[PDB]
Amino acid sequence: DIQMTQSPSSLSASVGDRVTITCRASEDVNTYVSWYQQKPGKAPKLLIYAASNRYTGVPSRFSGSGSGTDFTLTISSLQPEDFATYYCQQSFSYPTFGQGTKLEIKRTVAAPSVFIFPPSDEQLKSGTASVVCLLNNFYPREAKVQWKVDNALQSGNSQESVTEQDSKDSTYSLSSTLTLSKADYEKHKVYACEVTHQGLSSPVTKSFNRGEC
């Protein structure tokens, strides 16, 4: 199958910026290349087909170029709607897509406000303990959370989730959950989440002592 290699994988830009996304085919695909825009929870939308042909109802700020193996998509002046995922597709042989390019809003650095939540007494009664660490409204997306249970760092007992970039302030939020059994939770005292971000000179540790309130 023909591989479609997209560059970059991620792009940060501001409203008004000119943005270029490239795509390379593992073999010659003539001009049988299309560009799709996809926003979360929505289906993809056709932007360009025949390498440079704009589809009906697509604004003039979107343009396509290329022949053979190297193709480009250009958005000449970014509008707030333009922030989405863009995919290139070849239709010379079995249809294949590029891995995507995420286009997000470039804004000023904002450090996360860290919050830790001990497990509720209602939860502990069922026999499990979920410790939650909240990283509120930060920029850029890149943040790190480490769990510490009595200065012992933890591997494989936590899951994290991130919100989409905020429509208002263009920030991100993260939630990490540490799951232990009631037996395991009561073997230790100090529960801590250690946060690393660009908006921080040194890692922020928010913690609690089990029993103490």
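Residue positions are given as counts along the sequence shown, with the first one as 1.
**Student:** Could you check which stretch, 33 to 41 or 166 to 174, carries the larger mean CA temperature factor in the entry?
**Tutor:** If you average the C-alpha B-factors of 33 to 41 and of 166 to 174, the larger mean comes out for 166 to 174.
**Student:** On mean Cα temperature factor in this entry, is 122 to 130 or 78 to 86 the higher one?
**Tutor:** For C-alpha atoms only, the mean B-factor is higher in 122 to 130.
**Student:** Relative to the other modelled residues in the chain, which third contains the C-alpha temperature factor of residue 116: lowest, middle or highest?
**Tutor:** According to the entry, residue 116 has a C-alpha B-factor in the chain's middle third.
**Student:** Looking at the temperature factor on the CA atom of residue 184, which third of the chain's modelled residues does it land in?
**Tutor:** Answer is highest: the recorded C-alpha B-factor places it there.
**Student:** Which third, lowest, middle or highest, does the CA B-factor of residue 6 fall in along this chain?
**Tutor:** Its C-alpha B-factor belongs to the lowest third of this chain's values.
**Student:** Which third, lowest, middle or highest, does the C-alpha temperature factor of residue 73 belong to within its own chain?
**Tutor:** Its C-alpha B-factor, which the entry lists for residue 73, ranks in the lowest third among residues of this chain.
**Student:** Thinking about Cα B factors across the chain, which third does residue 151 belong to?
**Tutor:** Highest third.
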